[PDB]
Structures are given as structure tokens and as C-alpha cells.
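Protein chains in written order, with this note's numbering: chain A, 1 to 240; chain B, 241 to 458; chain C, 459 to 530; chain D, 531 to 771; chain E, 772 to 1004; chain F, 1005 to 1246; chain G, 1247 to 1489; chain H, 1490 to 1739; chain I, 1740 to 1821.
No residue lacks a Cβ here, since even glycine has one placed at the ideal position from N, Cα and C.
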Amino acid sequence: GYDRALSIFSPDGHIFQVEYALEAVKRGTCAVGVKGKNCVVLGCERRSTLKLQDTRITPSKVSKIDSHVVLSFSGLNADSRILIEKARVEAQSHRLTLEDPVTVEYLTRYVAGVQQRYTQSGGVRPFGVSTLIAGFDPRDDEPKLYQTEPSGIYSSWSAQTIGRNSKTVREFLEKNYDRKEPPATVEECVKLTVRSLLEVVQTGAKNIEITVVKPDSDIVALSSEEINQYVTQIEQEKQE
Amino acid sequence: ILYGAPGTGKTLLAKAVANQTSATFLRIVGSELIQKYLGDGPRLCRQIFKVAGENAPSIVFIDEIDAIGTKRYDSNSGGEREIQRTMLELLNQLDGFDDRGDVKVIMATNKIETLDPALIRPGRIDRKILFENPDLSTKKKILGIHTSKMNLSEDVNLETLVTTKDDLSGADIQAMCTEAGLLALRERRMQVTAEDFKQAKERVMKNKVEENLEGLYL
Amino acid sequence: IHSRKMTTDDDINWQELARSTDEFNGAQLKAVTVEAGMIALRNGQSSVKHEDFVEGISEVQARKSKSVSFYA
Amino acid sequence: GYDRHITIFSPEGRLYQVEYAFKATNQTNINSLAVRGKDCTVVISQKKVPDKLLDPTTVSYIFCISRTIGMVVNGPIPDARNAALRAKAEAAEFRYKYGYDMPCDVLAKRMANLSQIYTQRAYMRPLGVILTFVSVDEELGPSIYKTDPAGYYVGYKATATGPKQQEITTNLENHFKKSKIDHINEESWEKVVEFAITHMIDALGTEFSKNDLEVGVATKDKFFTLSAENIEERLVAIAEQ
Amino acid sequence: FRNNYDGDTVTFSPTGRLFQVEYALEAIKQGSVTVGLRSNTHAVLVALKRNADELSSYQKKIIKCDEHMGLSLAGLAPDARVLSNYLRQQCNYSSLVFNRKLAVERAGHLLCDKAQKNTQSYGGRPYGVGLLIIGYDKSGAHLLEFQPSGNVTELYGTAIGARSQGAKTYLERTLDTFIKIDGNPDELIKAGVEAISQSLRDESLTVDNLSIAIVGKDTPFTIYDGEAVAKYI
Amino acid sequence: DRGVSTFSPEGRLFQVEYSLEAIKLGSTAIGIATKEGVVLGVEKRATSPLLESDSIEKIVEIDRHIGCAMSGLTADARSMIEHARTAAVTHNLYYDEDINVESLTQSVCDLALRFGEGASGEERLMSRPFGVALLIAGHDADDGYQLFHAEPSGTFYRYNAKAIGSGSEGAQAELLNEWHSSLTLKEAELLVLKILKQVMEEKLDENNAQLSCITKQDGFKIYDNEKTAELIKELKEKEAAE
Amino acid sequence: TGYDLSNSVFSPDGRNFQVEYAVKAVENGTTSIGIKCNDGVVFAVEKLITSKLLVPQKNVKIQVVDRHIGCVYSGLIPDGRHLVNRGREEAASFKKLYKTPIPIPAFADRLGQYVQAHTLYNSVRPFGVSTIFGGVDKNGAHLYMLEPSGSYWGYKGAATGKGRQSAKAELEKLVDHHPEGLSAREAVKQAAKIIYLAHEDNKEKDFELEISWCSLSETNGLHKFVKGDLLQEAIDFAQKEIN
Amino acid sequence: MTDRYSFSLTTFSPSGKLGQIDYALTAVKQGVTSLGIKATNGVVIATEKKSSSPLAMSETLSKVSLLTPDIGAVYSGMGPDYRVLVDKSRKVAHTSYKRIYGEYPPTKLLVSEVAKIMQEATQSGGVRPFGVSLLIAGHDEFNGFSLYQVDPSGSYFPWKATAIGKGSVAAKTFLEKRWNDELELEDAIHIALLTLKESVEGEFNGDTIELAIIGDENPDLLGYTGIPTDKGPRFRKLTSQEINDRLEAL
Amino acid sequence: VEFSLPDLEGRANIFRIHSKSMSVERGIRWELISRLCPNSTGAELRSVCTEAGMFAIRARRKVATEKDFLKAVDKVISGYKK
């Protein structure tokens, strides 16, 4: 039908190629994150069940863009690495010109433009990978969480999930998280984030990777024993 | 409208309702509606509602339609010319049939995209049930039926068997327990114990599905 | 021939109005004369005057209806 | 079918586009003869006679590339005139960069490789005409190089173009076995035209007039085409023998 | 027709006439109707302005090109903009190089060669907008009729758009009238109002939908609207 | 070739016609151009309460006295928004003056009326066809307050009251009556909220509804959530008495 | 078959259908003839009158090449002018390098390679028009007609269009009238009569006679249009013969 | 529908292997039977030439060309496909090597560069790769004697004895039949004549048979004397008159 | 005679007639929910009135509120898209 062409708008108003790109996201890994008052937390799922795989030489799913800005996504990694490289070059180009650290709003508009330009270019395949750009604005503690979609649009969310079983985790994000009063403490935002991941991970440790961003350009990576500690506290309420 | 496979989706759902409704199960093969003779299409459809049109102590059930559900554009490529005029008379018999719901017409096929928009008639059929992948709670209800007869060890509960479940809804839980009871016959015992559960489930979950759905696309 | 059978005022030019017709057979021209009388009912006329033929013959009838006055 | 519209390989290895290239060469039904003498080379092409509304002087199947070099083409006209423009351009450019005459061995090679360049272009259509190059080489002497529309060229003792080419080759083959030479006698270039036309009439089986033929002559450091009065003068000398 | 012959602009037909051009002409038939006529000393163009709804304002179909020249655009909107800037560039190029205003017969040759390049080239969409161009040069007043194929024909006056036959019938019987009127620009405009009146089906009879432009040996090309064109109405 | 071949041509172009349905799938935006100002409004279309309405904005400011709105895909809009902002600073560069609303709209439509890679007498930028529904409104020293709808298909038209989005069809039916030449600035603010509340799928609230005004004194000003909520209570008080 | 959907593709008949359709499209156009005399050539074109709104000396299809060559074609009007406008640049390009006017056989080679290459290009649509050009160069009078297929030869007379069948029979009679050919003034009266004879199929519409010629006798190698008493004499001469 | 006959120009073959290569190998199978024999002291190649018309000059067709004096080559397939390939292949050896290292290209570098042109023809769309298969034989100081079979798919492998063309499958066993790796060059030419004779029995003479050898340098083909350092050409093309001498001694 | 899709005015006149036979709330407004649905066939319009009562049974209401018609239209939009 209309999957052979791109610029054709189709009578349904939506290109079927973008919908088929969402199907790869439906089978993609689960990426969950929630931003609090003083901090933002981004979790991810990297399957360690594959045998004969060294975790030391395995690159992490969370890609460092700026000091106070990280990047998380779900989808084909071959398509994301291009988006990662184009974002990192522009990330350095921000200080190469404006001398200011990378702005979350400016970085998202660029990545959306990268999704836009390669889509508007004939004979160029668009990226069907959804990326989550989070971080704090320069000289600002207000959390900023943006997303990217294969349709070429961006939006902001307090709590958002992508990948496999995105609708199931989304129901967990609306009911158990209050935008009017986000969690103030760091432990509460991380512990509730693990509970959303335990649905798709189903009682696992090395399959969960969480990178917490702190003000004044601080990146911390929770170890395997630290992530498993939140799993034990959640299991205490289920067995009670 | 139902979706699924015979024995689970297109079978268990049809026979379970006739039990609670206290209605006689009436099965009509979808291929029998078209006899490859002109005039048998409208004749056999009117006779179905005639048996159930007196006291109406039954419900009409039709399963596994690969033929009359698709008329195509012609008498080739799986369709037939007699199917075009048969589905139209079934519409007149569906609208002309009026009761309080003692008799229902349940038809299940693979795809409804080839059906006649006339026979669809929105508002006569408000129900479209698509086959879904059950969760882990579904297996606990199927195990409880067979575990009432076959005795299980005290070290293995309903939570132990439900641990490994890969793309099986309701049909092969009985088939998996069949091998679990067959392996115990090799050890000469009538009660499956903890040593038998481990060796039996490995012979089941393995060496069955050749195609692998995996996240190594990376 | 269709105009001589129907009642007219003999003010109609059959050669000039036929310039708007394109690729019409003998049967398709019969529907054109029927549309000419339908315009008289829309204009509130008992008979069919010359202005009714000009509007119905120039408009394409029994072939294709082009409603597009704008881009696409 | 789509497989017959593509220039690339076919399932059986027989290109349908190339089969139409040789088929279009016989569309005009022109029978030309190219033979090699001793010191000279004479090529005669069949001249179709139209009505009185066409100028026979302008109508020609033979184009002059340069001195001593000449070409006869049998096939589609629109591809015949454009192919002559490419051979003339490469002839002058080769006499400048390399500063030496362009022999028919190379002159048939450039157009042969140029036809493969046209096959590599999707928008450009290859030449469907036969390019027959004749000249007198300084070393090899008389040489005939006939370039097929598919870019095939090889030297010939005697060659022709048409449906009677099989009858022309057979008639000229037995004649060359008696004298055991591929060159025509009577080294004088005026008499070479007599035999080249004589062996053509016996091969074709039909006598032609002055307007039915166009006689090209390639001599040493000179090339010219006989006019209507010169061709008529040849027919008078051929009639007496 | 569906596919087969005349499916592409390059693709020909068994008859030899490309039907893709006729498809571009179909947009002119139901487009904005315009009527025009010229004399030796004057030229007049009367164009109908269209609208979406009552809240939608009427847009002028007459676009200014040269001080002594004018044109009306009936057809596809995006195709008419490129040809507009092309004629604007040729008028300035002729004034920058040849110092003379672009001639009418010269404007038609450049406009014909402009749309012909995109027609013979594979791909692209040819121009389907009609252009009626008037101008006053040393040769006098001239009126060109530009068809979507690129054909150029000189006439005293013509009309395109919805029900263009109504004005053509008026111009045939009155052909000997407006050509003899000289030095009277008012009588030539009154003939244009009565010409479009027979063409119109009486959708909107108001003043705002009619745009009358006139050029002559004394008064240059000027677009009138509102109370300026309401005097003749 | 599906939609570019199989069709029986009437002399139409089906490339943009498929985008006409995508225009109706965009956000509903309604605005009215009066003599005392231009009141504009859009719809946020929040499918979940976690969406940030203050972070995303469906209206852009091209000039101090000229606003803009969008209904459609944001991807195709960003190319037109950056092109509209480029033409705004272009007139501020060469002529150093605020460009007119009609003059700016025609410059923005120059990109919307051209498509394709290859060309002859005009440069090209976008490599594939696109489209977006843009409502350009503002104020100048020539024609005063003006409102133009920017259509990638045809030429823009002058609308005093224009409605776009899914509710564009039924809202224009209400604009043929309630709209009047004597509507003031305060009456125009309450008239849009009365029409917007009906055409919008969700309930009227400060979060899912964002309106803005265009005047000469204040230029382009966006109604704050607190100021918008005050106008919402005035609409509910008027509907309660009727 | 699908050979017409792709340009520059060999057909089973040996010639592309699009090239064959371009030749048949010339017959749908107006009839244009020509006569090649000893001291020059004479061109005659027929133009069908659409309506009384047409102004004479406006739509004339006579095209010019340098000062010594006239040009006329038959086919699509917009397609023919683009070929002439390019030939005008070809005659000027030769004038820049060689500082001399272009001869007729050289003018055919430039337009020949121009049209024949387009028939070999898919991205360029072939021409559906047949151009007739001629004049007097330094080498004398020459006449050539460029067919839409790309083939051209020297012609003692030119015939094309719809009435080419009735015109070809009259052009062959020029040998019967005089063995040496008619003069410059006699060819104008003779070429006009052929237009009326070829007008029997076009008799449902009117016409405007347009004749142009270039010779060394009167015009002294200049392209001019027939006017004055010479134009009216050729009209009355043919009207008396058709009686 | 069926496949569009792709080289992987714009489209990968759904069958897992390119189908037109076998159709390009059909054009290779369409070629004449051409064989070669790699021995210790030399490498010999043999091929047959098409007669076509009886009046066609046999000296015009050369199926064994000269790239470098130490390296020979022989091909089977369409005529113009080999000329366009080598005309470009020569300029590659000149610029990439002879204009840098200023010497004669060795066997490893020259054969690799020839296959790169076929790789570019498969990668670049719209340009069909040429369907000729080349057997390149050469002798250098580094690797010594070498015999490589260049396939149109872009792959080459060394072969002691191999055949291409219509007899590619048939003569490959025939070469292994009468010849073994332990045999020298002198006994290899007799085997090459007996195997090639089985291809066509019509004319075995030097007119339709082009035979070439690679071996010790010949000072007559060097063109100059006085320099002991520069080695003579290791490739010597056998004249048709000299080919008949090997036929009588066969 | 070709059957086309009715407009918003056609859908409003059909819903008000069916609302007399089926029990509905006195405060519902059909000028809104019907506007949210695009042009649909006359057969699907009767389905909206029948499916509206199905969600009311799940919601346990004697009549069909405004939220009941919304779920019935969304069921038609997701399963048809006409």
C-alpha cells in the first residue's frame, strides 16, 4: 500500500511507514524514567540473559551527551548510534559557539530536526527509534524531560515509558505518580522507578540499569547490588 | 465475531456459553452452507432458523469458515459466485429474525476483511472478540483442574509450574502435564514428585519451537 | 432529431451547442437532451427555453462530473 | 514483459535489446559490399532511389570521417547520422592529443567501447546501427573493420550487409580459393572499382544503375566518393569485358 | 484514461496528442472567469474574483507585471506564481540590458519557451494556469491567450473560466463595435461588463468580485477596485 | 503505482489531497480579527495528565505585532516556522521595518507553493512534498488588523473569523451569525470561549486551552492560566443566566 | 505492450512507438509545403482560422534563421518554437567562432544532433513536429525538412501535414510544368494553388495565405514576406484554376 | 512477481544468492573454453577463437592480451566487455602503482585491482557488471608464478589447473585427468593442446587457436640491451606459425 | 442513484428519532458527540444507538449518559475508520 512511499500523506493522514516503525518500538526494550523536584531518574532494561557476553566491554544503553544531560532510548541501536553521534557533535558545537552547556530544549529541537531533515530528504530513511532527552537547564534546577517520536514531533512528560508493554507501565505512571507533588527525595523516585521496571524484567538485577542525574552536573550509576537493594524492599510489600 | 485457533479460541468460547444458557448446542459447518449448487445457499440458511424458530431451545454455532467468508471478485481464487447471493439472503434472515435473544448466531473466521459489508450490518453484530495472549493467572486455573486428580508433591505448588510459560494458552497446559505424568511411568510411580517436575518440563519447553523471537537485533 | 420531437420555440442552435459535446455516441446524446429539460424545473419554467439548453448541454452529462474548482 | 525492456542480462543470456539492434539494420533493405584490394580499398553501397522530390546527391549511406578513411552505415537513419558525428569527433581529437592518424582498428574500438557506455546509461539508448570502417593502413594496408551495434569488430577478407550476406560470402569465398589471395588484382585503383562492382552483381544477382549505387573509394592520403557521372563511367567500362 | 497512453507527460498517445495537458486545462474551466478586449489605443481586462465563503474575502486575479502591461491568472495557484516572477524578471532584464520594456510578442515567446522546458523534461508538473496578457508598446496594444500547452494566439479579445462561451458569443457579434471605438476608455469598459454578465450565472453580482484593469497610450496599467469600478456597474 | 497511477485523472493532484485529511486531524484553532484586536486560541489535546501544557506550545511569534498558529504535523510546521521567522528578520534587515501581515504571508507561502528537488528559475530546499495549516494574524500600519490562513495547496485568503482543525466545518457555520463588525475586544474574548468550548472534545480548562491576543499597544501577548481562568468563570456565569 | 511507457527502448518493429506516434502526430497539424528553385526556395504555410477574433500578421508561423534562411514547421505550436529558438542560438554560436553565417547543410547538422540525441534520451521528450527550413547560403539554394524521427534529406519539394497526400501529387508535377523548374515569382503562384487543393479536407474552416521566400534575384539573399500585388496575384490565380 | 534481475545494485536478492550471477555465469558459460596450467617452472594458458565468418581475419581477434611483460591474461565471454574492463584496468595499475612505485605491478596487486572494478560495477546502480571471466597468469619475485580465476561476482582464487567457458565444468576434470601438480611446464603444453582439442574438432591449427606461455625471460622481446639489471619479458605470445610446430610434435 | 455519507445534520436527525424508542438521559446533547465522529454509513448510525446501551449496562444505569455515547463512537472509530 503506502508503505512503499514516504512523502505520500495517505487518506488516513498518517504515513504507514511511521506506524510500522512503531512496531519495532513495541518489541523494543523497556525504557522508564521519572523526574523529581531536585533530581531526574532514567531507568533502562539491558538483557543479560544472553550467554557468553562480557558486561565490562558491553557499552551501556544510556549515552552521555552533556555533563548534566544524558540520553536514553529504546529501539534499534544501529539507528540510535547515528542519532547519538549527531547529537554529540552538536553538543560540543553548543559550547563551540554559545559557550554555554547543552540546553535540553535546544538539544531536543536539534534531534527533532535531525529526525525532520532526514525525513524531508528524498531517498533517506527516517529513524524509527524513540529517544528520551532529559537533564537540567543551564543555571536551573527545574527538571526537563523530552521525547522523540518517529512522526517527527516532540513533547514533554513528567513520567513516560517506551518499548515493550508501554501501555502497562503507562498505567503505573499515571496512578502512582502525582505531578502536583513529585517525589522530593532521591530514594523515593528511584524505588518507585524500579517497581515499574520489575513488571517487564520480572525479578532481575543485571537486566535493570538506572542512571540518576543530579544538579551541578553530577552523573551517578547504580551498581548491580544497589539496584537489587530496591528490588528487595519492593518484594517486602508484596510478601506482606 | 471470534478470533483464535480451533480447540481454544473458536471452541472453548463457543461451548462454554451454551452450558450456562441451558441451550442446545447446534453446530453448522461453514463449508456446508455452500453445496456448489445454485439455490442451496438461501435454502440451507433458512432451515437453520426454522429448527430454532419454534420453542427456540438452542443457539446457532458456526465454526471454521475458510470459504463462504470470502467471495472474492469471482468464482476463482477461493471465492464462488454462489457465495455472493448466499450472504445477502443470510442478511434478510438475520434482520427478519426477531426474539429476546434465546437464539444467537456465532460465526468465527480468520479474517473479516473479505466479508460482505451487507451481511456485516453494523448494529446487528456489536461484538468483535480478538484472540489475546493470556497472563500467568490463566495457567493457574487450568492446572487446578488436573492437579485435583493427579497428585503433586508438597515442594511444588501452582507458582512453581507457572514459572516457565512460553506462548501457550489453555491448550498445551494439559499437554505439558501429559508428559509430566508420562515421565513418572518410567520411574514406576503413580505420584509425580519434585524430581519428576524438573526433568519433565525441560523435555517440554525445549526442542519444540524452532523459530526464535529474541532481542539480539540490538 | 431529439429537438424536433420535443416541444421547443425553434430558437435553439444545434450546431453551436454541439461544440461543447466531446466523444458522445448516439445513446449518450439522448441523456443530454433529458438533462436540458431538468434545468427548466430548477429554473421554474413550464417549457424549456433556449437558456436551459445552453446550461445543460455545455455541462458534461452522462460521462464524468468534475466538481473541482480549486487545487487538488 | 519487463525482462525484454531491460538492457542487462536475460535469463537465457540472449539480450532482447541486442536482437532488435541487428533486426533494425535490415529494416532499410540495403545491400553493401566491402572488399580489400592490394594498394586500395573500394566499398560500394546500395543507393535507394526515391521519387523526384528528394535530392539523390544529399542522400548517402557513406559518410566521410577524414582522408583515406570512410564509413558506410546500414540501419536506422537517426542513429546513423549521430554515430558519424561521434566518429569524426574522436578522429580529430586523436590526431591532436596523440598527433597521429586514427586507424580503423582503433576507430572501430572507440565506438565499440562507446556502445558499452550507452548500455551503462539508463536514459541513453545504445546505437542500433552497424559501423563499417575501411581505410588503407600505412603498415597493414587495406583493412576492413565492421562494428556491430553490440560493439563487435573484426577484420574481414570480404564482408557485406543484408539478407544476401550469406550468398555474398559464399560466392566470394570460392573466388578467393582459386587465386589463394584476399586482394583484388589490377593494382590501379580505377580498375579495382570494376571488379568490386562485378563481384557484387554476381553475388546479389541483380544489375544496378548509376542511381542505384554509391561507390566510395579510399586511396592513399585521399578519400572521395564517385558522383553520378563517375559511377556511370564505371558501368560503361564494366559492361565491356 | 487510466495508465496506458498519456500516463506521463513524456508518454505519447496513438493519436499523438497528450491528454495530460487537457487535464491541466480542466482546472481553468471551473476556475475564476475573466473577460477582456482591446482596441488600437486601449486594452481592457475584466476578471472575476473568487472566494471560499461569505467570510472569505475576494482575491484579485489580476497581477501587476510591467507599468504598461498586465495579466490575469486563472488556473492552478502555485504554478501561476513562478510564471509571474519569471515575467517580472524579464521586464527588469530588458530594462537593465535593452533599456526597453518587455514586448508583448517577446513576452509570449519567452513564456512559451519557459513552460516548454518542463514539459519535455522527465518528471515535474507542467503549468496549467491560463494567462491573458495585455501591454502597450511601440507596436500598440496586444492581447495574448496562453493555453496550458504553451500555445500563443493573438486575438482582439477572449474569455476563459466558468461559462466562457457567454462572453465569446458577445464578442463575435460585437467584434465590429469595440474595435472602432478609439479615445473612449469608458465605452470599452462598459462592453466588458456586459460581456461577463452574459457569461456569469448570477452567483454574486456585487462590486467587490469584479476587478477591472485598463491600459492605454495615455493612462498606464492600473488596477481599480471598490468605488472605482462601481461607476460602470 | 497505487495512488500516483491507478486513479482515473480528472485533472487533479492527489498528493496534497491526502494531506487535507491530516489537516482535519490537527488541533482545533479558532480566531477572530476585529478592529480593536485579534483574539486567537488553540487546543492542547492532552491525552494524559502527565503531559506538560506549558512546555509545548502550538503558537509561535513571528513578529511583535504578528502572531501565528498551527494545526497539523509539527514536523512539516518547523520547516515553515523557521522559514516564516527567516522572512520576518529579512524585512527587518534590508528595509528595517515591521513587515505587513499580507506581505509576510505571501513571503511565507513562497515555500509552500514550491515542491521537488529539480527546478528551473527558482531555488529549492525541501526534497519532498509537505504541508501544514498555518493561521497568520497580526496588525500593521497599512490594512490594520488582518488574519490570513496559510494553505500549502492554493493561495491564501483573507478571513475575518477563521476556524481550523477537526471542528473547522461546524464552527464556520456559527461564525456566519455571532460574528459582527461591531464586536469589541472584550466581546471577542468571550465569543471565542463560547465557540471553543463546544468544538473542543475535552472540558474547558486553563491547562487544555491556551488563548492569545494581538493588539497594537501590547503586540503579541499570551493569556496566562490565571487570566484565562478568570475569563472561563465569566463564560460559565453568562451561560448560567441563559 | 509496455514499450511506449519507457522512452528510447527498442520495439519489436525496430522503431520506438513514441517515435512512431510523433510522426503520426504531424499529420494532425496544418499542411506546410515548399518549393526549391534554382535561384532560391519558396515556403508556403497554411493556417486555420479559429474564429473572426484573429488578427492578421500576428499568428504567422514563419520562422527566421539568420537573414538568408526561412523556417516553418508543422505540429504542436509550443513544441516547434522551442526547436526554432534553439536553432537561432546554433546559428549564432557558429557566427561567434567562425565570424561567418552558417550554411544550410551545417544548420541541419546542429539541429540534427539536437533532435536525434533527444530521441536517445529518456529524460528528454522527443519532438512531435516536422520542421522545414531552407534558403540561399554561399553554396547556393538548399532545402531540408527535419522529421520528428530524426531523419532528414535534401528535398526538391516539401510536403507534410494532413493535406500532404494531395500536396505531394502537385509537387511531383513541377517537372511536368517546366523541365528546369519555375522561377521565383512563378513558384509563389504555384505554391499558393497547392494550398487551396490541400484545403479540401479543411474546407469546413477558413484560412489565411502566408508565403515567404528567399532568393538572389529580387531580395538578393534576404528573407522577406510576400505582400502588395504579389500576394493578391497568387490568390486570384488559384481561384480561377479551381473553377 | 519474480526477481527483477538485480546485481544488488539497488536491491538485495531475496533468494539469499544473486540470481543474475548464474545468468552472468551463463554468459561465462556462453564463452569459449579457456584453460590454464600452473606448474613450478612456468604457467601455460590455452584458448580457442571463434571462426564466425570464413572470411574473418583470425589475427584481428586476440583473446590473450598484454598487461605487464611478466603477467598474462585470457578471457571468455563477450568481446566488448573485456575491452572496457582492461582499458580501465590498465589505468588503475599505472596510477595506483606504476606512478607511485615506478615498477611493474606484481601478481598480488594487479589481480586484486582488476576485481575491484567488478566490485564497483556491482555496487554502483545502473551500470551492469561485465559478464566476462578472466584467467590471469603471472610471475613475480615475491609470490612467483600465480594463476587466478577472476569471477564476475568479484571473487578470485588460485588454481593449479582450471577452465572457464562452456567447458568450464567439462575441461576442469579433463585438466585434472591428464595433468598433475608434479608435472613441469613442457609436459603441460601437450596436455593443454589435447584438452583444448576436445572442445572443437573442426580446426585445431593456429588460426582459430591462440596459445600463449609464461616462462623464462626472452631477450628478443625486451627491445634493448646493455642493462643487466632490468629483466626481460616473462610472457611470450606464440605465433600461429609456431603453434603448428607444437601440433606436429603433439 | 449513488448513496453517499450523510453530514452532521443527517446524523443529528437520525439520532433524535432513535432516542425516542431507546431510554436516554434528558440532558444529553447529540450536536457534540456526533460531530466528533466523521461521515459514516447509515448502518453504523444505528450501531451507535445500540452500542450506547451496552456500555450503560456495564455502568449500571437505567439510561444512557453522555459518557455512554462517547465509548460507543470510539468503538466504531477504532474498528471501522470510515
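- Task: Take every Cβ of the segment 183–193 of chain A, pair it with every Cβ of the segment 1054–1062 of chain F, and state whether three or more of those distances are shorter than 8 angstroms.
- Result: no
- Curious, which full-length beta strand (DSSP E) runs of at least 3 residues does the segment 777–831 of chain E contain? 805–809 and 813–819
- Item | Contiguous alpha helix (DSSP H) assignments of at least 4 residues, all confined to the segment 615–658 of chain D | 634–649
- Task: Spell out a yes or no on whether the segment 1095–1102 of chain F and the segment 153–172 of chain A are touching, meaning 3 or more CB-CB pairs, one atom from each, closer than 8 angstroms.
- Result: no
- Show which residues of chain D have a CB atom less than 8 angstroms away from the CB atom of G:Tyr1249. Indexing the seventh sequence from 1 puts residue 1249 of chain G at position 3. By Cβ distance, chain D contributes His535.
- Item | Spatially closest choice to F:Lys1166 from F:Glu1191, F:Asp1144 and F:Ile1199, by CA coordinates | Here the question's residue 1166 of chain F lines up with position 162 in the sixth sequence. For F:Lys1166, the nearest C-alpha among the options comes from F:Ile1199.
- Item | C-beta atoms of A:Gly122 and F:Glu1127 nearer than 8 angstroms | Reading the first sequence from its first residue, position 122 is the one you call residue 122 of chain A. Reading the sixth sequence from its first residue, position 123 is the one you call residue 1127 of chain F. No.
- Task: Take G:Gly1358 as the anchor and find which of D:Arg640, D:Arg611, D:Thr649 and D:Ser665 has the nearest alpha-carbon.
- Result: As a first step, residue 1358 of chain G must be located in the seventh sequence, where it is residue number 112. The residue with the shortest Cα to Cα distance from G:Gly1358 is D:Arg611.
- Determine the chain D residues that contact H:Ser1542 at a beta-carbon separation under 8 angstroms, and present them in chain order. Sequence index remark: in the eighth sequence, residue 1542 of chain H carries index 53 (1-based). Neighbours of H:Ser1542 on chain D, chain order: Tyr686, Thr689 and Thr699.
- Item | Sub-8 angstroms separation of D:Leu657 and D:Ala622 beta-carbons | Position 127 of the fourth sequence, counting from 1, holds the residue named residue 657 of chain D. Position 92 of the fourth sequence, counting from 1, holds the residue named residue 622 of chain D. No, Cβ-Cβ distance for D:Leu657 and D:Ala622 is not below 8 angstroms.
- One or two residues paired with D:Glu744 in a DSSP bridge: In the fourth sequence, the residue the question calls residue 744 of chain D occupies position 214. Answer by DSSP bridge pairing, in chain order: D:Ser575.
- Task: For B:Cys285, collect the residues of the same chain with a Cβ closer than 8 angstroms to its Cβ; drop the 5 residues on either side in sequence, then sort them by chain order.
- Result: Here the question's residue 285 of chain B lines up with position 45 in the second sequence. For B:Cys285, where only same-chain residues beyond five positions count, the Cβ hits under 8 angstroms are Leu273, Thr326, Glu329, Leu330 and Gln333.
- Query: Over what stretch of residues does the alpha helix (DSSP H) that includes G:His1328 continue unbroken?
  - Reply: On the seventh sequence, residue 1328 of chain G is found 82 positions in, with the first residue counted as 1. Unbroken alpha helix (DSSP H) run through G:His1328: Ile1323 to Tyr1344.
- Residues of the segment 16–47 of chain A with Cβ closer than 7 angstroms to any Cβ of chain B, in chain order: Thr29 and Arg47
- Query: By Cβ distance, which residues of its chain are closer than 7 angstroms to D:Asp732, with the 5 residues on each side in sequence left out?
  - Reply: The residue you call residue 732 of chain D lines up with position 202 of the fourth sequence. Closer than 7 angstroms at Cβ, skipping near neighbours: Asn701.
- Message: I'd like the span of the alpha helix (DSSP H) that includes E:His880, first residue to last.
- Response: Translated into the one-based positions of the fifth sequence, residue 880 of chain E becomes position 109. Element bounds for E:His880: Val875 to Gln891.
- Query: For the alpha helix (DSSP H) that E:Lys961 lies in, which residues bound it at each end?
  - Reply: In the fifth sequence, residue 961 of chain E corresponds to position 190, counting from 1. Segment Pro956 to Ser970, the alpha helix (DSSP H) holding E:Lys961.
- What residues from chain C crowd round F:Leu1017, counting only those whose CB sits closer than 8 angstroms? For the purposes of this step, residue 1017 of chain F is identified with residue 13 of the sixth sequence, where counting begins at 1. Within 8 angstroms Cβ-Cβ: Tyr529 and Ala530.
- Pull out every residue of the segment 1020–1031 of chain F whose Cβ sits closer than 7 angstroms to any Cβ of chain C, in chain order. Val1020 and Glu1021
- Query: Among D:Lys676, D:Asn741, D:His729 and D:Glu737, which residue has its Cα nearest to the Cα of D:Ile698?
  - Reply: Stepping through the fourth sequence from its first residue, residue 698 of chain D is reached at position 168. When only C-alpha atoms are compared, the closest one is D:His729.
- Message: Give me the residue from D:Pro586, D:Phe552 and D:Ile647 with the minimum Cα distance to D:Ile538.
- Response: Sequence index remark: in the fourth sequence, residue 538 of chain D carries index 8 (1-based). That would be D:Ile647, whose Cα lies nearest to the Cα of D:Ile538.
- Query: Taking the alpha carbon of E:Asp837 as the point to measure from, which residue in E:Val978, E:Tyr864 and E:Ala845 has its own alpha carbon closest?
  - Reply: Reading the fifth sequence from its first residue, position 66 is the one you call residue 837 of chain E. Of the listed residues, the one whose Cα sits closest to E:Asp837 is E:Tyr864.
- Message: Beta carbons nearer than 7 angstroms to chain F: which residues of the segment 1765–1781 of chain I have them?
- Response: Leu1771, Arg1774 and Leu1775
- Bridge-paired residues (DSSP) for F:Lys1225: Locating residue 1225 of chain F in the sixth sequence gives position 221, counting from the first residue. Its beta-bridge partners are F:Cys1217.
- Coil, strand or helix - I:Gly1781 by DSSP: In the ninth sequence, the residue the question calls residue 1781 of chain I occupies position 42. Residue state, collapsed to three classes: helix.
- For the beta strand (DSSP E) that contains G:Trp1459, what are its first and last residues? Residue mapping note: residue 1459 of chain G aligns to position 213 of the seventh sequence, counting from 1. Segment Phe1453 to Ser1461, the beta strand (DSSP E) holding G:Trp1459.
- Message: Can you check which of these residues, H:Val1563, H:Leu1556, H:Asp1670 and H:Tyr1713, is closest to H:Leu1598 by C-alpha distance?
- Response: Counting from one through the eighth sequence, the residue named residue 1598 of chain H turns up at place 109. For H:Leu1598, the nearest C-alpha among the options comes from H:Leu1556.
- Task: Report the rounded CA-to-CA distance for C:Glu517 versus C:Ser478, giving the unit in angstroms.
- Result: Within the third sequence, the letter at position 59 stands for residue 517 of chain C. Within the third sequence, the letter at position 20 stands for residue 478 of chain C. One C-alpha to the other measures close to 8 angstroms.
- Can you tell which of D:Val548, D:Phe725, D:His535 and D:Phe753 has its C-alpha closest to the C-alpha of D:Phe663? Counting from 1 along the fourth sequence, the entry for residue 663 of chain D is found at position 133. Looking at the Cα atoms, D:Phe753 is the closest of the given residues.
- Query: Nearest-angstrom Cα distance between D:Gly543 and H:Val1689?
  - Reply: Position 13 of the fourth sequence, counting from 1, holds the residue named residue 543 of chain D. Position 200 of the eighth sequence, counting from 1, holds the residue named residue 1689 of chain H. Roughly 22 angstroms separates the two Cα atoms.
- Message: Within a Cβ cutoff of 8 angstroms, which residues of the same chain sit near C:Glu481, ignoring the five residues on either side of it in sequence?
- Response: Your numbering for residue 481 of chain C matches position 23 in the third sequence. Counting only Cβ-Cβ distances below 8 angstroms, and skipping sequence neighbours, we find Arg521.
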